[PDB]
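Enquirer: Here's a structure for you.
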Amino acid sequence: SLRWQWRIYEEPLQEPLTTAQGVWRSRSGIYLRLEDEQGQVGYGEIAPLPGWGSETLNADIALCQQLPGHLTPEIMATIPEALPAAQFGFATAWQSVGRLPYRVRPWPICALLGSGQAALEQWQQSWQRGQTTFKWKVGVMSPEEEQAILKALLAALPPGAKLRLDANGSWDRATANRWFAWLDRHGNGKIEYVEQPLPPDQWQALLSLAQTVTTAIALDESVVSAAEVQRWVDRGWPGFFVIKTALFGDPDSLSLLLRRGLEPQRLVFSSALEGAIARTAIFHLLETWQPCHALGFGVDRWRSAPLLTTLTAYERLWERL
Ligand code: NA
Numbered sequence: 000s001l002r003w004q005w006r007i008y009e010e011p012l013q014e015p016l017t018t019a020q021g022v023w024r025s026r027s028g029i030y031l032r033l034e035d036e037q038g039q040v041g042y043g044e045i046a047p048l049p050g051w052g053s054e055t056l057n058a059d060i061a062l063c064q065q066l067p068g069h070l071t072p073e074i075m076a077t078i079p080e081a082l083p084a085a086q087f088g089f090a091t092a093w094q095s096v097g098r099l100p101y102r103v104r105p106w107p108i109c110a111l112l113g114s115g116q117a118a119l120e121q122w123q124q125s126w127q128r129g130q131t132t133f134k135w136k137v138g139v140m141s142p143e144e145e146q147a148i149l150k151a152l153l154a155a156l157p158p159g160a161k162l163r164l165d166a167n168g169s170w171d172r173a174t175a176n177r178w179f180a181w182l183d184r185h186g187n188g189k190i191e192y193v194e195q196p197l198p199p200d201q202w203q204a205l206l207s208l209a210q211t212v213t214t215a216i217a218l219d220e221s222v223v224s225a226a227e228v229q230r231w232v233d234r235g236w237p238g239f240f241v242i243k244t245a246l247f248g249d250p251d252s253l254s255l256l257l258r259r260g261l262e263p264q265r266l267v268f269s270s271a272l273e274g275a276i277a278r279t280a281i282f283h284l285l286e287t288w289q290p291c292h293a294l295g296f297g298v299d300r301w302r303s304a305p306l307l308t309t310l311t312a313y314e315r316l317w318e319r320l
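When we follow PDB author numbering, the leftmost residue of the sequence shown carries the number 0, and every step to the right adds one.
This is the structure:
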């Protein structure tokens with residue numbers, strides 16, 4: 000066994016984040032610190048994202064208060080499947096004990112483009128800093144206005160650019176269908192996928208669209224936990240899955256899915272606006288999974304979380320609390 004402690008954090012965003020569901024001003028979570036008898040230390044982070052699945056930080060806190068003062072693999076196996084961010088935090092903390100700091104690498108990162116005409120002026124600085132895959136928010140203006148911008152954006156992007164269109168579940172079914180018909184006529188080798196064209200409740204239409212239209216579709220809001228990923232694999236989802244590792248469960252569950260029916264080439268790993276402990280843990284896991292698409296970690300505007308390169312850096316973060 001080994002000893003451990005946990006601390007809540009509540010960190011203001013670097014700037015506010017507006018979504019269709021309201022303005023975000025801070026992120027909260029839990030940091031875990033594990034120490035063995037000798038003095039080796041490991042760290043993990045539990046940060047469920049409000050609105051994304053059923054797990055709440057309050058439920059993770061209750062879990063932390065219910066666990067024994069000494070952890071073992073069998074104790075950690077008692078963590079409910081309904082708390083996948085807690086599963087991620089404890090599993091990554093355990094695996095880090097006496098293994099920090101981790102070897103990590105730059106992976107390509109997807110650059111964001113803001114809704115509307117902004118996209119046409121925001122790709123250049125990112126391109127000039129070596130980002131070649133972009134994600135642009137759609138479903139904000141009328142379809143016809145966005146299609147006109149899209150036509151100009153595709154003409155302007157340099158050779159080799161890739162573009163993701165993120166609807167965030169904001170289209171109704173007839174609108175999605177009209178968009179996919181437009182993309183069949185006017186789309187381009189630069190379009191990688193449409194992300195979450197319909198809200199998660201419209202799963203039958205999402206599946207039918209993916210099975211019939213010519214442009215790839217990615218699930219995002221639909222796939223938070225390992226259980227949701229498995230449900231979509233078993234439905235025969237032919238598109239992409241955007242995996243938020245910090246929210247998903249024990250990382251070993253993704254590897255198990257991959258050994259089974261999930262295709263590595265259909266994964267895109269993205270950020271849940273987590274902190275440096277979780278992000279560094281995810282980059283360590285990427286040394287095994289070896290991603291083949293630009294990561295959805297271009298989120299520094301809202302939450303900057305530089306990877307941790309020294310054990311003292313973890314200790315500073317912890318003591319700062
Ligand atoms: Na999305």
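Where a beta carbon is used, it is the ideal one built from N, C-alpha and C, also for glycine.
Taking Cβ positions, are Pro196 and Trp170 nearer each other than 8 Å?
Expert: Within the sequence shown, residue 196 is the residue found at index 197, counting from 1. Within the sequence shown, residue 170 is the residue found at index 171, counting from 1. A contact, by the Cβ cut-off of 8 Å.
Enquirer: Give me every residue whose Cβ sits closer than 5 Å to any heavy atom of ligand 1, in chain order.
Expert: The filter returns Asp165, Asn167, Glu194, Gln195, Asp219, in chain order.
Enquirer: Is the separation between the beta-carbon of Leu246 and that of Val223 shorter than 8 Å?
Expert: Position 247 of the sequence shown, counted from the start, is the residue given in the question as residue 246. Position 224 of the sequence shown, counted from the start, is the residue given in the question as residue 223. The answer is yes: Cβ separation under 8 Å.
Enquirer: For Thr309, does the three-state DSSP call read helix, strand or coil?
Expert: Along the sequence shown, read from residue 1 onward, the residue named residue 309 stands at position 310. Three-state result, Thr309: coil.
Enquirer: Where does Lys134 sit, in a helix, a strand or coil, going by DSSP?
Expert: Taking the sequence shown and counting its residues from 1, one reaches residue 134 at position 135. Of the three classes helix, strand and coil, the one that applies to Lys134 here is strand, per DSSP.
Enquirer: Less than 8 Å between the CB atoms is what I'm expecting for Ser0 and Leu56, so what's the real figure, rounded?
Expert: Numbered from 1 along the sequence shown, position 1 holds the residue referred to as residue 0. Numbered from 1 along the sequence shown, position 57 holds the residue referred to as residue 56. Between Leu56 and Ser0 the Cβ distance is about 26 Å, and since that is not below 8 Å, they are no contact.
Enquirer: Cβ atoms of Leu218 and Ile276: under 8 Å apart, would you say?
Expert: On the sequence shown, residue 276 is found 277 positions in, with the first residue counted as 1. On the sequence shown, residue 218 is found 219 positions in, with the first residue counted as 1. It is not a contact, given that the beta carbons lie outside the stated cut-off.
Enquirer: Identify every residue that forms a DSSP beta bridge with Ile108.
Expert: Translated into positions along the sequence shown, residue 108 becomes position 109. Partner(s): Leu294.
Enquirer: Would you give the residue range spanned by the beta strand (DSSP E) that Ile216 belongs to?
Expert: Translated into positions along the sequence shown, residue 216 becomes position 217. Unbroken beta strand (DSSP E) run through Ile216: 216-218.
Enquirer: Pick helix, strand or coil for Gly43, following the three-state DSSP scheme.
Expert: Sequence index remark: in the sequence shown, residue 43 carries index 44 (1-based). Of the three classes helix, strand and coil, the one that applies to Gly43 here is strand, per DSSP.
Enquirer: Check the DSSP bridge columns for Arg2 and list the partner residues they point to.
Expert: As a working note, residue 2 is residue 3 in the sequence shown. Bridge partners of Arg2: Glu34, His69.
Enquirer: With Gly297 and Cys109 assumed to form a contact (beta carbons below 8 Å), what rounded beta-carbon distance in angstroms separates them?
Expert: The residue given as residue 297 occupies position 298 in the sequence shown. The residue given as residue 109 occupies position 110 in the sequence shown. Correct: roughly 5 Å between the Cβ atoms.
Enquirer: Count the other CB atoms, across all protein chains shown, that sit within 10 Å of the CB of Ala147; report buried if there are 16 or more and exposed otherwise.
Expert: The count along the sequence shown starts at 1 and reaches residue 147 at position 148. Label assigned to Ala147: exposed.
Enquirer: Between the stretch 73-83 and the stretch 18-35, are three or more C-beta pairs nearer than 8 Å?
Expert: The answer is no - the stretch 18-35 does not touch the stretch 73-83, with fewer than three Cβ pairs under 8 Å.
Enquirer: Please confirm whether any heavy atom of ligand 2 lies closer than 7 Å to the CB of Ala225.
Expert: Summarising the ligand content, the structure contains ligand 1 and does not contain ligand 2.
Enquirer: Please name the residue in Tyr313, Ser125, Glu145 whose C-alpha comes closest to that of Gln39.
Expert: For the purposes of this step, residue 39 is taken as the residue at position 40 of the sequence shown. When only C-alpha atoms are compared, the closest one is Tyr313.
Enquirer: Check each candidate in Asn167, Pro72, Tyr192 and name the one with the smallest Cα separation from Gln201.
Expert: For this step, residue 201 is matched to residue 202 along the sequence shown. For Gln201, the nearest C-alpha among the options comes from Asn167.
Enquirer: Excluding the five sequence neighbours on either side, which residues of its own chain have a C-beta within less than 6 Å of the C-beta of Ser141, listed in chain order?
Expert: Your numbering for residue 141 matches position 142 in the sequence shown. The answer is none, since no qualifying residue turns up.
Enquirer: For the stretch 1-14 against the stretch 31-48, do three or more pairs of beta-carbon atoms, one drawn from each stretch, fall closer than 8 Å, so that the two count as touching?
Expert: The stretch 1-14 vs the stretch 31-48: in contact.
Enquirer: Check for me: the beta strand (DSSP E) holding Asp171 runs from which residue to which?
Expert: Counting from one through the sequence shown, the residue named residue 171 turns up at place 172. Note, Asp171: premise wrong, no beta strand (DSSP E); not H, not E.
Enquirer: Determine the burial state of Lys150: buried for a count of at least 16 other Cβ atoms within 10 Å of its Cβ, exposed for fewer.
Expert: If you number the sequence shown from 1, residue 150 lands on position 151. When all chains shown are included, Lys150 counts as exposed.
Enquirer: Kindly list the residues whose CB is nearer than 8 Å to the CB of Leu310, restricted to its own chain and excluding five residues on each side of it in sequence; keep chain order.
Expert: In the sequence shown, counting from the first residue as 1, residue 310 sits at position 311. Taken in chain order, the residues that qualify are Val40, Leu99, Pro100.
Enquirer: Given this structure, state the Cα-to-Cα distance separating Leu162 from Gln264, to the nearest angstrom.
Expert: The sequence position of residue 162 within the sequence shown is 163, counting from 1. The sequence position of residue 264 within the sequence shown is 265, counting from 1. Distance between the alpha carbons of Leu162 and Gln264 is about 17 Å.
Enquirer: Just how far apart, CA to CA, sit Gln86 and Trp181?
Expert: By one-based count along the sequence shown, residue 86 stands at place 87. By one-based count along the sequence shown, residue 181 stands at place 182. Using only the alpha carbons, I get a separation of about 42 Å.
Enquirer: What is the DSSP secondary structure of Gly248, reduced to helix, strand or coil?
Expert: What you label residue 248 is simply residue 249 of the sequence shown in a count that begins at 1. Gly248 falls in the coil class under three-state DSSP.
Enquirer: Return yes when the Cβ of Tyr8 is within less than 8 Å of the Cβ of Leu306, no when it is not.
Expert: As a first step, residue 306 is located in the sequence shown; it is residue number 307 there, counting from the start. As a first step, residue 8 is located in the sequence shown; it is residue number 9 there, counting from the start. The answer is no: Cβ separation not under 8 Å.
Enquirer: What is the rounded straight-line gap between the Cα of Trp122 and the Cα of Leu156?
Expert: Start at 1 with the first residue of the sequence shown, and residue 122 comes out as number 123. Start at 1 with the first residue of the sequence shown, and residue 156 comes out as number 157. The straight-line gap from Cα to Cα measures roughly 8 Å.
Enquirer: So, helix, strand or coil for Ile60, using DSSP?
Expert: Your numbering for residue 60 matches position 61 in the sequence shown. Looking at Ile60 - three-state DSSP - the assignment turns out to be helix.
Enquirer: Going by CA-CA distance only, name the one from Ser114, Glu34, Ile45, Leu152 that's closest to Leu272.
Expert: Reading the sequence shown from its first residue, position 273 is the one you call residue 272. Answer by Cα proximity: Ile45.
Enquirer: When the Cα atoms are used, what is the spatial distance from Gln37 to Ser95?
Expert: Along the sequence shown, read from residue 1 onward, the residue named residue 37 stands at position 38. Along the sequence shown, read from residue 1 onward, the residue named residue 95 stands at position 96. Their backbone Cα atoms lie some 15 Å apart in a straight line.
Enquirer: Quick one, which of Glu120, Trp178, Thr132, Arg172 has its alpha-carbon nearest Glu145's?
Expert: On the sequence shown, residue 145 is found 146 positions in, with the first residue counted as 1. Checking every option, the nearest Cα to that of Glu145 belongs to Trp178.
Enquirer: With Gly186 and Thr214 assumed to form a contact (beta carbons below 8 Å), what rounded beta-carbon distance in angstroms separates them?
Expert: For the purposes of this step, residue 186 is taken as the residue at position 187 of the sequence shown. For the purposes of this step, residue 214 is taken as the residue at position 215 of the sequence shown. Yes, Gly186 and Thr214 are in contact; Cβ-Cβ is about 6 Å, under 8 Å.
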